[PDB]
Student: 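Pasting a structure below so you can have a look.
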Amino acid sequence: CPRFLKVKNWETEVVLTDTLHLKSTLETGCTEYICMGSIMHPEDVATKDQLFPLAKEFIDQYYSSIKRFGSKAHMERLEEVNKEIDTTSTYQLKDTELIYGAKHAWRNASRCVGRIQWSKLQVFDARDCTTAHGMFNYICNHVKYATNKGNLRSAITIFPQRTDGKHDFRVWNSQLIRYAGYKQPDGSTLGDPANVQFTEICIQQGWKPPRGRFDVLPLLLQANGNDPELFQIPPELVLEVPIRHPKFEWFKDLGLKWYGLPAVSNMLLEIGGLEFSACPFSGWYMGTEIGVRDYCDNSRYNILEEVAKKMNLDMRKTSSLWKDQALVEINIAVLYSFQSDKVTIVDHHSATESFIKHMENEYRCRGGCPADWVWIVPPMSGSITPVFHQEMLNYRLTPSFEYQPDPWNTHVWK
Amino acid sequence: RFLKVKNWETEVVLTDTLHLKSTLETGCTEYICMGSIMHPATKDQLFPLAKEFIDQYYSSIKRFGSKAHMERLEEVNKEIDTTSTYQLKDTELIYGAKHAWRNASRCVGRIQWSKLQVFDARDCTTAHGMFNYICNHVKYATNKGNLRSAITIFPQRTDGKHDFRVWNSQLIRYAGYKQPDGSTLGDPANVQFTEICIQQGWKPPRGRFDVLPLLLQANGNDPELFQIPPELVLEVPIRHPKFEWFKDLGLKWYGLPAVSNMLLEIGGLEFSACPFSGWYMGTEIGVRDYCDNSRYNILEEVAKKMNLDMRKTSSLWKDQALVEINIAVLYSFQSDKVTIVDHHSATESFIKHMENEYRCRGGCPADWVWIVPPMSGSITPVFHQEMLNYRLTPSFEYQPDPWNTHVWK
Ligand code: HEM
Ligand code: HEM
Ligand SMILES: Cc1cc(N)nc2cc(-c3cccc(CCN)c3)ccc12
Ligand SMILES: Cc1cc(N)nc2cc(-c3cccc(CCN)c3)ccc12
Ligand SMILES: C[C@H](O)[C@H](O)[C@H]1CNc2nc(N)[nH]c(=O)c2N1
Ligand SMILES: C[C@H](O)[C@H](O)[C@H]1CNc2nc(N)[nH]c(=O)c2N1
Ligand SMILES: [Zn+2]
């Protein structure tokens with residue numbers, strides 16, 4: 001436990017100094033003798049004696065951020081939050097604290113490369129929601145607002161916080177907008193192989209699937225612990241980009257398209273010991289997210305093969321690097337399609353450059369910036385981006401976005 | 001307690017027990033991960049360290065507690081007493097060197113670890129001897145292009161003022177020169193080291209691919225220059241299977257990668273000079289040596305000849321040019337029958353190696369950050385492979401550059 005930590009950029013020899021790690025909260029899984037850095041995931045709802053210090057920690061942080069630490073209002077808030085916990089075992093966040101918390105959960109998210117945008121986030125309070133129909137209303141407004149006819153804007157919608165654990169609000173979808181995957185009796189998969197499991201859940205709950213290549217899944221929404229309910233998102237609200245290529249005329253004939261709004265809805269927002277199990281947030285895409293992961297991953301659309309077939313690449317020996325050539329072209333198509341349809345999207349070069357600039361600024365005037373190299377480095381051409389050569393410290397700050405069990409694995413059906 | 005690692009693309013789960021055996025620290029704490037940080041003895045310390053190594057040696061050849069084991073322990077204890085150190089048997093030395101490669105978390109090429117030719121050079125006393133051992137190493141390892149893995153182990157550190165050191169970072173590297181205007185002729189990574197040779201009276205050909213002389217230090221004395229006989233340096237001209245102009249870039253690289261500035265550590269003994277060599281994974285040359293900004297940096301030039309539009313980043317022009325360069329490199333080596341491996345085959349081998357190690361050994365330390373190839377990452381099997389990283393010994397360690405310590409004489 002020393003007070004300073006340094007990180008070097010081995011390409012630009014710049015050294016930064018981390019003090020912020022001292023405010024780190026929970027353990028990382030790593031120890032003195034092992035490193036879990038590449039491990040993906042290394043109803044105990046809080047009690048009073050647990051919540052007091054967590055609440056106090058966050059409120060102190062909030063008033064520090066707005067330069068009123070030790071003020072009258074600061075002490076009064078503490079007194080109010082502490083009385084509220086003593087007699088309700090919980091407390092509610094003011095709209096300002098809630099908005100602060102959201103933004104800082106994003107800011108604190110070590111695996112996100114797009115954090116340079118963090119302060120610019122539209123927060124939708126939906127803590128007054130009581131039903132699935134209402135959730136759906138809020139989600140539709142979130143999507144229209146975030147999509148903005150292609151000029152995408154980051155936004156989060158926050159539903160009521162957990163209480164006893166039996167009355168949780170959840171979005172069962174992993175993203176608000178995903179394509180269905182249908183397992184076939186002959187062993188193949190139609191649509192998106194990633195979402196096969198969730199598709200069967202939807203179908204079992206009553207969904208009539210069109211059984212197509214690009215079927216937008218419905219929302220599965222749980223309010224206040226009740227069984228979840230199905231809702232079809234209005235097709236006009238889902239912006240989609242058909243994928244084509246600046247040079248390859250045949251690329252359009254592959255028949256691919258993708259949606260514009262990446263909207264993650266299964267994560268959990270934790271602020272001052274409060275747990276918002278349902279907190280969907282959206283931004284715009286990095287190209288490699290659709291181009292490399294969504295399409296080329298073996299257990300995804302796997303058009304790697306077919307593209308290489310249409311490029312007439314030698315696909316008999318790997319050392320021809322037919323896969324790499326193919327992947328690059330696919331990512332060129334994705335970026336070209338989104339840009340043509342003036343839908344917001346960022347390439348992996350521009351984004352990693354942005355994040356380095358963000359990291360430097362965070363170190364300069366916040367004392368550090370937690371980052372996960374393993375996730376920050378893009379899935380293609382890593383070494384020729386600035387982040388590859390950049391040393392990073394990884395630690396967990398609160399407020400944070402966390403993972404949570406899939407709701408179907410925990411839900412007590414009514 | 002036991003730990004799992006999932007491959008997410010195949011859902012295969014391995015259980016790690018081996019990590020419980022380590023005692024060297026990683027640089028991480030419970031609260032901070034430093035997995036992307038590149039670099040995070042007397043009688044009294046030396047016996048338990050030796051005892052640890054001797055034990056896992058006699059456990060390795062299934063004679064733990066044998067007459068020999070008991071005696072060998074006694075022999076080593078008596079020697080640390082009366083000399084404040086000890087000497088490794090031949091067998092132990094070869095076992096120890098293979099196992100330092102086996103324990104190399106950042107090495108993707110470890111499937112080959114038991115195939116290692118070990119050259120004992122612990123009788124060496126001068127730079128001239130060192131030179132002789134090194135030339136022999138290069139001749140054997142290069143093997144006319146059918147490369148073979150070797151290590152040459154010079155005497156162990158004693159008091160510290162008598163270290164053996166190969167000052168070159170690799171046995172075969174290219175000189176880099178600081179130009180008058182500001183740019184750099186040749187390999188920029190080595191510009192400091194090139195000036196150290198020029199200082200020693202090396203006459204620089206001042207060209208793009210000049211092979212650097214050896215700088216060798218024995219028993220702590222002043223390092224000395226030696227030219228490597230050119231017939232021993234296997235080189236490859238880089239050209240492209242479709243593009244006719246690629247050879248007009250005048251590029252070429254050496255066949256033998258031989259890292260010579262690390263420190264082998266066995267049973268508490270330190271070998272400050274122990275050059276080891278293997279063969280290349282194509283991205284080491286084509287992605288890092290040629291395309292890094294702090295290196296040969298020829299992407300712009302290539303993509304220019306490929307007539308791509310380079311005005312915006314989102315055309316992925318750096319990306320295209322990069323692939324084409326690595327195709328060339330692989331084509332060039334394979335055409336000259338010089339052992340090389342593509343990052344796809346190398347990663348496949350390593351997943352298989354990992355599974356082997358989890359079977360027969362209970363684990364396999366691995367640094368994901370270094371194992372994942374510096375291009376086309378998520379289309380190699382190792383991207384979706386979870387990996388535990390821990391510090392096993394014997395190991396190869398980093399050491400300071402010798403010109404930062406050595407008081408000249
Ligand atoms: C605005 C543009 C954004 C871009 C370009 C971006 C980019 C990315 C990328 C590429 C990843 C890696 C995930 C993957 O590989 O699938 C990621 C992760 C993540 N992002 Fe961002 N993101 C953006 C906005 C946001 C926003 C608005 C939030 C929340 C308010 C957010 C929170 C997160 C979290 C929590 C993760 C993963 C961390 C974890 O799994 O623990 N991101 N982002
Ligand atoms: C046989 C073919 C081999 C291949 C294809 C190979 C490949 C690689 C690659 C690509 C790296 C990453 C280094 C970088 O990119 O900067 C690496 C690291 C390394 N390799 Fe290998 N290698 C081979 C043989 C060997 C041998 C013979 C030894 C020693 C006996 C060895 C020991 C190491 C060590 C010590 C590292 C750095 C590990 C660390 O810092 O923990 N490798 N190797
Ligand atoms: C808001 C936002 C934008 C974006 N472009 N990518 C995200 C990616 C994620 C994300 C986080 C963890 C895991 C995943 C995908 C699972 N392999 C995505 C979350 C939010 C994102
Ligand atoms: C034996 C061998 C073969 C090979 N193809 N690459 C190596 C690469 C290394 C290595 C280790 C640390 C650092 C470096 C270069 C700086 N990234 C190389 C060591 C040995 C290697
Ligand atoms: C095994 C590994 O930790 C895991 O698959 C991670 C690696 N790095 C990643 N990086 C990004 N951006 N996205 C990912 O899904 C992953 N997967
Ligand atoms: C900062 C970062 O850890 C450093 O540049 C590492 C990252 N991973 C690497 N991986 C390999 N194989 N080779 C490298 O040189 C590096 N560089
Ligand atoms: Zn770690």
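Within every chain, numbering begins at 1; the chains are lettered A, B, ... in the order of the sequence lines, protein sequences first and strands thereafter. Heavy atoms only: backbone and side chains are in, while hydrogens, waters and symmetry mates are out.
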Student: What part of B:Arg288 lies closer than 4.5 angstrom to a heavy atom of chain A: side chain, backbone, both or neither?
Tutor: side chain

Student: Please classify the contact of B:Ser315 with chain A as side chain, backbone, both or neither, using a heavy-atom distance under 4.5 Å.
Tutor: backbone

Student: Measure distances from A:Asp297 to the heavy atoms of chain B and classify the residue's part below 4.5 Å as side chain, backbone, both or neither.
Tutor: side chain

Student: Contact part of B:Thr23 toward chain A, heavy-atom cut-off under 4.5 Å: side chain, backbone, both or neither?
Tutor: backbone

Student: Answer with side chain, backbone, both or neither: which region of A:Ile34 has an atom nearer than 4.5 Å to a non-hydrogen atom of chain B?
Tutor: both

Student: Please flag which part of A:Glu329 lies under 4.5 Å from any non-hydrogen atom of chain B: side chain, backbone, both or neither.
Tutor: side chain

Student: Indicate yes or no for a side-chain donor-acceptor contact from A:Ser381 to the backbone of B:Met375 under 3.5 Å, with no hydrogens or angles considered.
Tutor: no

Student: Please report the shortest heavy-atom distance between B:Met387 and A:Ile39, naming the atom on each side.
Tutor: O-CD1, 4.4 Å

Student: Go through the atoms of B:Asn293 and report whether side chain, backbone, both or neither lie under 4.5 Å from a heavy atom of chain A.
Tutor: side chain

Student: Given that the side chain runs from C-beta out, which part of A:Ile345 has a heavy atom under 4.5 Å from chain B: side chain, backbone, both or neither?
Tutor: neither

Student: So, for B:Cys33 and A:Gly37, which heavy atoms are closest and what is the spacing to 0.1 Å?
Tutor: SG-CA, 4.0 Å

Student: Would a 4.5 Å heavy-atom cut-off, applied to side chains only, mark A:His348 and B:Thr313 as touching?
Tutor: no

Student: Please look at B:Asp342 and chain A and tell me whether the side chain, the backbone, both or neither of the residue comes under 4.5 angstrom of a heavy atom of that chain.
Tutor: side chain

Student: Relative to chain B, which of A:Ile384, A:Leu335, A:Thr28 shows the most heavy atom pairs under 4.5 Å?
Tutor: A:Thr28

Student: Can you check side-chain hydrogen bond (donor to acceptor under 3.5 Å, both in side chains) on B:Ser314 and A:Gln339, steps first, answer last?
Tutor: CA-CA 10 Å; B:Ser314 45; A:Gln339 288 173 2; 3.2 Å; yes

Student: At a heavy-atom separation under 4.5 Å, does B:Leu322 approach chain A through its side chain, its backbone, both, or neither?
Tutor: side chain

Student: Under 4.5 Å heavy-atom distance to chain B, tell me which part of A:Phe388 shows up: side chain, backbone, both or neither.
Tutor: side chain

Student: Report which part of B:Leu388 has an atom under 4.5 Å of a heavy atom belonging to chain A: side chain, backbone, both, or neither.
Tutor: both

Student: Rounded to the nearest 0.5 Å, how far does OG1 of A:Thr385 lie from NZ of B:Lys318?
Tutor: 9.5 Å

Student: Using a 6.0 Å cut-off, check whether atom OH of A:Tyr403 has over 12 heavy atoms from anything other than its own residue.
Tutor: yes

Student: Let me know if B:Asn326 has heavy atoms under 4.5 Å from chain A in its side chain, its backbone, both or neither.
Tutor: both

Student: Any heavy-atom pair between the side chains of A:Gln325 and B:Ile327 that's under 4.5 Å?
Tutor: yes

Student: Are the side chain of A:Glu391 and the backbone N or O of B:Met38 linked by a donor-acceptor pair below 3.5 Å?
Tutor: yes

Student: Could you pull out the closest heavy-atom pair between B:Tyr390 and A:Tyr33, with the gap in Å?
Tutor: CB-O, 3.4 Å

Student: Tell me, for B:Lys4 versus chain A, whether the close heavy atoms (under 4.5 Å) come from the side chain, the backbone, both or neither.
Tutor: backbone

